[PDB]
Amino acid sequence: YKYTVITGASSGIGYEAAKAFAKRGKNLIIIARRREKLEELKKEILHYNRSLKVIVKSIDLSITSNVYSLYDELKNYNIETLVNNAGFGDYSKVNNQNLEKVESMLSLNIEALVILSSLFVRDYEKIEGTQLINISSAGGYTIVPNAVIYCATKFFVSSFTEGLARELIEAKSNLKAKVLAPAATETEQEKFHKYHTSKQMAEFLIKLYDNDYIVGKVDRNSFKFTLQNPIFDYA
């Protein structure tokens, strides 16, 4: 059996992504801190399709050692798709920002994502049908006032993922890497401002998965979702 691994599966995009992959008949490994929420999701998925396998892994990915330990626990499973979706944003002027929150953004949005991505590439680069999908942000391509550090973490995610995707293509690897860049969603007034629901964003994630473009990005102004080629300059 093959598995789709989703971090940040207890709420938001990751929760709806788990449901979307389940509707496609995928076995799932769902990871987040809130164990009860993950168990709730598992029950919903199995009530929908009793034949699926769903593995719950409650773990804090902001601790480096937990990232490596999670990956080693996953070695007993054939991973078809890894979605690095867990992440955190904190909006503030830099001068009075809570630096412990900053540390969290760095550990989760950058470190956990790059380590899990790199371990997955190491082991699965040559395996047919594999996909790595990293969740960035439209703010990983445009700096947004009051989100300077958060945006910088997403510039990391976008540039890392584009670079890796192009490296894999140049190497003729079987594994593909792709980046999803949501704009405003319900997890961030609603009467006057455009946003996507988490369910809509999971649908866009499936579209990215199903197509052969590296970038799936929501324009921050028009809210149109577009599949497109890498955005950043490349040597």
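The first residue of the sequence shown is number 1, and the count goes up from there.
Gap size between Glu188 and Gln189, counting deposited residues with no coordinates: none, 1 to 3, 4 to 9, or 10 or more? Per the record, 10 or more deposited residues are absent between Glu188 and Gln189.
Could you check which stretch, 97 to 105 or 152 to 160, carries the larger mean CA temperature factor in the entry? Comparing 97 to 105 with 152 to 160, the higher average CA B-factor belongs to 97 to 105.
Once you work out the mean C-alpha B-factor for both 28 to 36 and 162 to 170 from the entry, which is higher? It is 28 to 36 that shows the higher mean C-alpha B-factor.
Taking the Cα B-factors listed in the entry, which of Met201, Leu208, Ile55, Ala177 comes out highest? Each of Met201, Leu208, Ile55, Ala177 was compared by C-alpha B-factor; the highest is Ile55.
Tell me which of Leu113, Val144, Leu74, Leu132 tops the list for C-alpha B factor in the record. Answer, based on the entry's C-alpha B-factors: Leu74.
For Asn78, the third of its chain into which the C-alpha B factor falls: According to the entry, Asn78 has a C-alpha B-factor in the chain's highest third.
Considering every modelled residue of the chain and its Cα B-factor in the PDB entry, is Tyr91 in the lowest, middle or highest third? It falls in the top third of the chain.
With respect to C-alpha B-factor, does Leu41 fall in the lowest, middle or highest third of the chain as deposited? It falls in the top third of the chain.
Chain-relative CA temperature factor third for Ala181: Its C-alpha B-factor belongs to the lowest third of this chain's values.
Should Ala17 be placed in the lowest, middle or highest third of its chain by the C-alpha B factor in the entry? Within its chain, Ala17 is a middle-third residue by C-alpha B-factor, going by the deposited values.
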